[PDB]
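Okay, so we've got the same protein chain twice, two forms, each given alone as structure tokens, structure 1 and structure 2.
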Structure 1
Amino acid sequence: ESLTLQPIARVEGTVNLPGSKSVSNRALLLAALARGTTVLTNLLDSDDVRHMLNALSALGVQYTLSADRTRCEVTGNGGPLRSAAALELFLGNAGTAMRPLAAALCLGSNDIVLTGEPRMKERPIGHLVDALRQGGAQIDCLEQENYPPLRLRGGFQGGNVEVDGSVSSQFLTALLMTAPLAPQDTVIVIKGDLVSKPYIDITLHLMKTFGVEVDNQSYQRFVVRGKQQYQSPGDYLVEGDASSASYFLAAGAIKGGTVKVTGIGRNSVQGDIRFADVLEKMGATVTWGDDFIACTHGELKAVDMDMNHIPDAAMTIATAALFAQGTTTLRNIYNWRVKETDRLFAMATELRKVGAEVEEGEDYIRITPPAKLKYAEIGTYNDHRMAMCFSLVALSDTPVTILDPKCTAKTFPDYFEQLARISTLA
């Protein structure tokens, strides 16, 4: 399957964003654990959220979904999830299901196997397993240490644990969400650097919404009290996805017009709102509201930036760079290599097909645009963001053909229709 995007002369309009994947999967898990019934509004319907919903169903969590799957009423368990069955749960390639559930299912005495798609068995989890085992959990890595599939037999108590923060923030996120329900207090020491720090902020905001605080000592040590229970907030509004927003804001920066996204704004908890600052640095004009961000085209110039704070939206800069004057350098993005695909390899390979010169560094990418873009069929590596990032090539005089366009469904099933709504073809 393939989708050819014809050249787009102008983009403009307003996009009502689908829900945030990151917020959706945290909110579902916390609602499942909490005391009380939580009503989630603007929940994302996408593969990663569906895998979480299916796992929660299999684990006995009671919830209802609206017809469009964006409103979800969760009856909280008031405690750790429990199953009497020797289940195997398939989690696709959803890190925000696999990592949080691997920790949560270490509470108690279940016997559950977590698995997923082939790529998920190549995505690291050992830093999380190590910390959970230090806290008393029984875990078997059925194929190889540091990777799924995992057999979880429970037993997490708490105590003094160390977690490496240098590969994924999700390991720390998973520990933080599980530790409050453990029988003992947990002190989490971060071994070295912490990547993707804004996602830790999301986790802490969500936990606070659900009635639980922790002592964050400069992102280097966390003190969590055990014996707690999450408390439903009642209604909870899931923010629009700021990573999904990046494509539309960039499209405005490149080929607007003014493109406005709604459902996020200056006070959002998602770190990817900071992507708009990069477009501003490149020369676009950005306007902020409490519930919108808008971007208007101006002449674009390349940037050289550390992107560790926005690793997902950073991919959008890599293709927006094709429209900027000069060489763009994106630094401190090593964990691109351990995500839906090796994104440093994939982005460099596909950028070259449209004519860019690319230096693929170990943990950075340097992109020098060609004078004129070339027509290419873009491989997407079963990676939603490869498809969405390369859609921007069509904001030029050259079409682009996106292979396997349905991979956008990991986070954004209707991406191409939403892009078309704001596009005027040349």
Structure 2
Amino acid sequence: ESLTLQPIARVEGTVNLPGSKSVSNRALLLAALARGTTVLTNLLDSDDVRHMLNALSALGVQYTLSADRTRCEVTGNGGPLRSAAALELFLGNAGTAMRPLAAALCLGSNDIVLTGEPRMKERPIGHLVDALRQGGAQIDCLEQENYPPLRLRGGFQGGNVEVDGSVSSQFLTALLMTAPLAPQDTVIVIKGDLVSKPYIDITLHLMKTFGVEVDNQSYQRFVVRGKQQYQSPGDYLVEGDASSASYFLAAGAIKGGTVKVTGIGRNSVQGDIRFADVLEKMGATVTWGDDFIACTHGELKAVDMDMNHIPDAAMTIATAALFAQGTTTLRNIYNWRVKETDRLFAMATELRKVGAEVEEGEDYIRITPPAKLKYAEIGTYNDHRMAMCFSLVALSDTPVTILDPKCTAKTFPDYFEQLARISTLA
């Protein structure tokens, strides 16, 4: 079960990004809590988002989906979700559902178990559970502390709580979304440094779109007034994941043509939009649009840059360097080693197969492209990023075979078909 990509002469066109899973689940939850009816456009249809919808429906939240499931109108509860029966909700493998719902269902006086697949029951959630119990939530870890399944009997007060931001930002995100509906003001102190601050930015912006301000003190203390209620904005467009645009912007830079991506824009708070600036430095032409970003081909030159700030689209720079003149160095990317799997090793290994000369430093990667690309079966490591990164190899006279291509279905099942639509094959 692989997908062989035939060589592409040239690409040019428009690609609409589906919704971010992150944004999609956050917005569904806030619309479920909000006063009024929210219309969500560009919603992601993934099975994680399905579990989020099925959970909300089991919670009594009424909504209607479009035929293609990318448009959803939600009748907001105007308050904490209430369930008169005990529930047990299976969230599959949707942590971006598990975490926000774990926090939000500490509101009220319910009795709900959250669980999912063994992979998720292996994803730690104790940093969130501690903070919630600290503000008064009754949470019972039915098998083991730090991980689902979770029995949630509510009771979240607010008050002085702490959360560890050193491992994941998503714990803080779940806390922040829940806090405004607590009876007390909530003061959230971050233990160490805060990882992944732009996702925090995303969550805060969504919350403000729903009418709730937060005092963010240097990403070290967050003050949320209690007693509030979210107000529907009416329409809300779910913005596509910024990392997913990187592959098509790189496609245009390499072998356009011009590639325009919609679902993202010049004024997005997502960090990885800054990917585009890197292509501009490599010689490509970037046009910064309001609800789109476009890349037109210029002669690509290699770059030497700290990529600390864009960990997910930096991988895309690693494959696009195969087409730039010179040796590219991607610096301060130790983040890649401390992941689910070591991306630095993985990217080096799979780059060497297509002919590249790869240095694997402690926290950097140095890439010298081959004079001629080689055909290879690229292992993708359960990582949709890998599949989408090495899909660019066909932007040459050389095919490439991607292994486990369905790993992209997680965030972009239509990735290759859209890639195809903008392609002219050699």
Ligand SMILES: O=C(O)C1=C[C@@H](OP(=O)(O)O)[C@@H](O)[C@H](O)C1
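Counting starts at 1 and follows the sequence of structure 1.
- The form solved in complex with this ligand corresponds to structure 1; structure 2 is the other form.
- Hinge assignment between structure 1 and structure 2, with options 120, 310, 165, 239: the rigid parts meet at 239.
- If you fit the larger rigid part between structure 1 and structure 2 on its C-alpha atoms, the smaller part is left turned by 17 degrees.
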